[PDB]
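Have a look at the structure below, then the notes.
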Amino acid sequence: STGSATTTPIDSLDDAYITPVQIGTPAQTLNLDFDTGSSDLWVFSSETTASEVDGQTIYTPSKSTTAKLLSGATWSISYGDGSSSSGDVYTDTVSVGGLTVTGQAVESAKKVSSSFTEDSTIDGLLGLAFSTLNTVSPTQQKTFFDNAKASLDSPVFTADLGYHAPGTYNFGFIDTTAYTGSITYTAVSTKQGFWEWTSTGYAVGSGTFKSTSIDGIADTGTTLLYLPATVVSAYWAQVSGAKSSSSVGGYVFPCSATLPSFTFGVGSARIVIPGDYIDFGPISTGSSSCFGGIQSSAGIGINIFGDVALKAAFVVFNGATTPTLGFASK
């Protein structure tokens, strides 16, 4: 089997991407944030505290003839941005782009933190990291990909995120028309539960490539590119007037600037992020200070190849017995 679904930016900045997902019988379609940095499929629901729902579409398990309470199971998750959610668990039929999994754990939110409530466009998350990170207790549950894997034509999914435009998540096949050149594959460590790999270096603009190992995670659920402070300083030094602002929470730059590109290495291959992809717009409405799309990871504990980086590539998440990641230009 295969599946193919379009993913759409939630706003004009590409702050996140939503993908329609069918849950239950008859189908209830919710727009989920596909997150290769986590491993829970959770949704706003008829059980979510009413004051914490503001415009999201909810899953109502009592209206699904295939929903079954997973008795005794609870979940609770905290994300790197400080947001969180928790609740109980149903199993139900879940379909993405024509690919159907029966018995998928659908984690129903009883509580969500303010940032989820405040984002009316995201109805939940669909985790695509390794199932060892799934938070369901006392019986850990498998991701949608893990459940689908054995049925797929090939044990892979691909992320093809657009810049200011829709893109595609494919399951079970590699669309050879969706990228240019060849796909360069690189090793993955699953020891932390992430799609963790080592970039071979970077360049700023037309500058020379610096060969240096950068361990980080391919994370579709993180907006920006978070890299070591040395790398990020080298980038922003090429932008007149750019500075790190403790009050704003990162590097800002004059909105009048033209940003240089940023290149990252994948083995001997190179992925070029155009300068425009690094512009996240005014820090507040009407400001002439703009927020940068490359930020320091120094406060995180891990480097994160988020959407800013991934949207410059066609990315293969290869879930073979020994997982690997593939990157191609497009």
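Going by the structure tokens order, chains are called A, B, ..., each with residues numbered from 1, while ligands are numbered from 1 in the order shown.
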query = Which neighbours of range 128-140 of chain A fall inside 7 Å, counting only C-alpha atoms, when residues of the same chain fewer than 3 positions from it are skipped, and could you give them as a list in words?
reply =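 Contacts, in chain order: residues 34, 35, 36, 37, 38, 39, 40, 73, 74, 75, 76, 77, 143, 145, 193, 194 and 195 of chain A.
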Expected answer as a PyMOL selection string: strand (DSSP E or B) residues in range 248-288 of chain A = chain A and resi 250-254+262-266+269-273+279-282
N, CA and C atoms of the current selection, written as a short mmCIF file (atom, residue, chain, number, x, y, z; two decimals), in the first residue's frame:
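Written output follows (out-v7.cif):
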```cif
data_model
loop_
_atom_site.label_atom_id
_atom_site.label_comp_id
_atom_site.auth_asym_id
_atom_site.auth_seq_id
_atom_site.Cartn_x
_atom_site.Cartn_y
_atom_site.Cartn_z
N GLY A 250 16.14 35.87 20.42
CA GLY A 250 16.95 35.32 19.37
C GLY A 250 17.50 36.41 18.47
N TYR A 251 18.09 35.97 17.37
CA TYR A 251 18.61 36.88 16.37
C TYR A 251 17.48 37.57 15.62
N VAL A 252 17.63 38.88 15.50
CA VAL A 252 16.77 39.75 14.72
C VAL A 252 17.65 40.48 13.72
N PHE A 253 17.01 41.00 12.68
CA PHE A 253 17.75 41.68 11.63
C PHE A 253 16.87 42.76 11.03
N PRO A 254 17.46 43.75 10.37
CA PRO A 254 16.63 44.80 9.76
C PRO A 254 15.75 44.22 8.67
N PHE A 262 22.00 29.78 3.13
CA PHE A 262 22.72 28.93 4.06
C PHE A 262 22.75 27.53 3.48
N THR A 263 23.94 26.95 3.37
CA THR A 263 24.11 25.61 2.83
C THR A 263 24.47 24.66 3.96
N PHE A 264 23.86 23.47 3.97
CA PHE A 264 24.27 22.42 4.89
C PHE A 264 24.67 21.16 4.11
N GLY A 265 25.64 20.43 4.66
CA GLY A 265 26.15 19.23 4.02
C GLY A 265 25.38 17.98 4.43
N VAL A 266 25.16 17.11 3.44
CA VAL A 266 24.65 15.77 3.66
C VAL A 266 25.65 14.87 2.95
N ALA A 269 27.10 15.77 -0.47
CA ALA A 269 26.10 16.60 -1.12
C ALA A 269 25.83 17.87 -0.30
N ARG A 270 25.13 18.80 -0.93
CA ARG A 270 24.87 20.10 -0.32
C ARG A 270 23.43 20.48 -0.57
N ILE A 271 22.76 20.98 0.47
CA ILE A 271 21.41 21.51 0.37
C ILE A 271 21.49 23.01 0.64
N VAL A 272 20.96 23.81 -0.29
CA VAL A 272 21.01 25.26 -0.19
C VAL A 272 19.65 25.79 0.26
N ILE A 273 19.64 26.48 1.40
CA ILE A 273 18.46 27.18 1.89
C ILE A 273 18.52 28.61 1.37
N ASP A 279 13.71 34.45 6.53
CA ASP A 279 13.00 35.65 6.98
C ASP A 279 11.67 35.24 7.61
N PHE A 280 11.51 35.50 8.91
CA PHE A 280 10.27 35.23 9.62
C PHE A 280 9.51 36.49 9.99
N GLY A 281 9.83 37.60 9.34
CA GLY A 281 8.98 38.76 9.35
C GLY A 281 9.11 39.58 10.61
N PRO A 282 8.34 40.66 10.68
CA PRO A 282 8.45 41.59 11.81
C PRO A 282 8.23 40.90 13.15
#
```
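Our summary of the geometry notes that CA of residue 330 in chain A is positioned 16.1 Å from CA of residue 276 in chain A.
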remark   = Students should find that CA of residue 21 in chain A and CA of residue 293 in chain A are spaced 28.4 Å
message = Env of residue 228 in chain A: 12 Å cut, atoms = only C-alpha atoms, seq-sep filter 5 positions within chain, self excluded. Answer as an MDAnalysis selection string.
response = chainID A and resid 201:202 212:216 233:235 294:305
inquiry  = Residues within 12 Å of residue 179 in chain A, please, as an MDAnalysis selection string. Count only C-alpha atoms; anything in the same chain fewer than 6 positions from it doesn't count.
reply    = chainID A and resid 158:161 311:316 326:330
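Distance annotation: of A:70, A:156, A:32, A:255, the residue with the minimal separation from residue 175 in chain A is A:156; atom set is only C-alpha atoms.
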task = Just the residues within 12 Å of residue 11 in chain A, please, counting only C-alpha atoms, with nothing from its chain fewer than 2 positions along; format it as JSON, numbers by chain.
result = {"A": [8, 9, 13, 14, 15, 16, 17, 18, 119, 120, 121, 122, 163, 164, 165, 166, 223, 280, 281]}
key: Distance of CA of residue 125 in chain A from CA of residue 220 in chain A, expressed in Å to one decimal place   =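 Value for the CA of residue 220 in chain A-CA of residue 125 in chain A distance: 11.1 Å.
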request  = Tell me, as a list in words, which residues lie within 7 Å of residue 99 in chain A, counting only C-alpha atoms; anything in the same chain fewer than 6 positions away does not count.
outcome  =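 Once the adjacent positions are removed, what remains is residues 1, 2 and 3 of chain A.
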inquiry  = List as a VMD selection string the protein and nucleic acid residues near residue 43 in chain A, meaning an atom at most 7 Å away when only C-alpha atoms are counted, but skip any in the same chain fewer than 3 places from it.
reply    = chain A and resid 59 107 to 109 123 to 125
Save out the residues we just selected, C-alpha atoms, as a PDB file, in the first residue's frame.
```
ATOM      1  CA  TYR A  59     -12.692  14.255  17.311  1.00  0.00           C
ATOM      2  CA  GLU A 107      -4.786  10.132  22.055  1.00  0.00           C
ATOM      3  CA  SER A 108      -7.722  12.310  23.068  1.00  0.00           C
ATOM      4  CA  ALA A 109      -6.777  15.561  24.783  1.00  0.00           C
ATOM      5  CA  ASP A 123      -6.373  20.122  15.450  1.00  0.00           C
ATOM      6  CA  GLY A 124      -3.633  17.909  16.893  1.00  0.00           C
ATOM      7  CA  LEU A 125      -0.294  16.290  16.145  1.00  0.00           C
TER       8      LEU A 125
END
```
ask   = For residue 63 in chain A, which residue among A:25, A:200, A:246, A:49 is the nearest when counting only C-alpha atoms?
value =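 Going through A:25, A:200, A:246, A:49 one by one, the smallest distance to residue 63 in chain A is for A:25.
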inquiry  = Write out as a ChimeraX atom specification the set of residues from range 79-271 of chain A that DSSP, computed on the backbone, places in alpha helix (DSSP H).
reply    = /A:114-117,144-148,229-236
